[PDB]
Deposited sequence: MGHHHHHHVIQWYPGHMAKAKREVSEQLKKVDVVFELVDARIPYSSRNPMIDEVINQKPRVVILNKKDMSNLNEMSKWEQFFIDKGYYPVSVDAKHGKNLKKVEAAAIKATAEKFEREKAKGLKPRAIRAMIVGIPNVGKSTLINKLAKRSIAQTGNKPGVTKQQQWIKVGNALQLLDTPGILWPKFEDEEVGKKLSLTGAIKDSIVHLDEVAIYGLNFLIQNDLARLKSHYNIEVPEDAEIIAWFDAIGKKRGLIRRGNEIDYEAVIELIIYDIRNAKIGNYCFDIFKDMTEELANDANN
């Protein structure tokens, strides 16, 4: 868990910008379940046209077809998108780094410089899998004594890649309520200010609209199509015995169950950033 406050934000921005001076290429790590909503809102200012691999992590928990639309979006921006499962295991990362830096190193070769390992770092919001990926790529878990301060080191990855063993951590998008719901549904933010009941309502409605049969079969429920959302809570709660004071619904328990099941991909593997539904937001952001 990370506590943002204005001071910490300024520090993070300054420190990451500084690490970026040290590298040839940046890996912007996003959640494949929300490849656009899991980005830091100032990421393009921080990265500042550094060659970029966008890594859509947790691909195992997302929808490939939707992911491919986001990959096209990143391609159109001049980035090199790849998807990975950092947990279950990623030789494609070194390959993407070589392509993203191809133009730079060709210009170096033309000016008569020797070849050298590519330097890279990973940047992204919290909980998207940065430390998981670094440890996997290092093939080992990355001061051990109290009060001893660890120094940032380079990790040799494959043949051509040197990877900074420390990620740059930036803050998530804060300003938009729908984005807040998306981040809570994926578990990027397990924190307050976004009411959990509204997160569960958002998640249920998403599933009703996009995977209704699977939602029903998962909880073994059948619900009238003209019922309001409360009926879904009541049905799940009834079927799972989440009741209190006789046969009233324990809504807190049902809410927590729905959220847990969506967060942990217990119902299905979804991408909650629906590209075709985000056309206006994208246009607003683009210029």
Where does the structure fail to cover the deposited sequence at the C-alpha level? 1-8, 98-99, 153-155, 301
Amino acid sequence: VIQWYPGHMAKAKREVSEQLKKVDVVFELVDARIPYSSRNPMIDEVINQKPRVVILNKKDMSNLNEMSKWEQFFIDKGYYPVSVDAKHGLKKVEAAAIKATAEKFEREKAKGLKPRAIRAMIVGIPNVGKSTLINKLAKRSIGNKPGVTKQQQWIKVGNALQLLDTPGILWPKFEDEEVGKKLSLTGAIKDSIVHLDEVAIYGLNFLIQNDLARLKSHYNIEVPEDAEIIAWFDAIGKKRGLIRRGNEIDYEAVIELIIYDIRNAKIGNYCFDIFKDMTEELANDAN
From here on, numbers count along this sequence of modelled residues.
Tell whether, across the other compared PDB entries, at least a third have no coordinates for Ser192. yes
For 50-58 versus 231-239, entry-based mean Cα B-factors point to 231-239
Quick check: 179-187 versus 153-161, which has the larger average CA B-factor in the record? 153-161
Among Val148, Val82, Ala120, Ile125, the highest C-alpha B-factor in the PDB entry belongs to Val148
Looking at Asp211, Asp197, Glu103, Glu71, which has the highest CA B-factor as recorded? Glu103
Entry-reported C-alpha B-factor of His218 relative to its chain, by third, is middle
State the tercile, meaning the lowest, middle or highest third, of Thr132 with respect to the CA B-factors recorded for its chain. middle
Tertile call for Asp31 (CA temperature factor, within chain, third-based) is the lowest
Taking the C-alpha B-factors as the PDB entry records them, is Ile75 in the lowest, middle or highest third of its chain? lowest
In terms of the chain's CA B-factor thirds, is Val23 lowest, middle or highest? middle
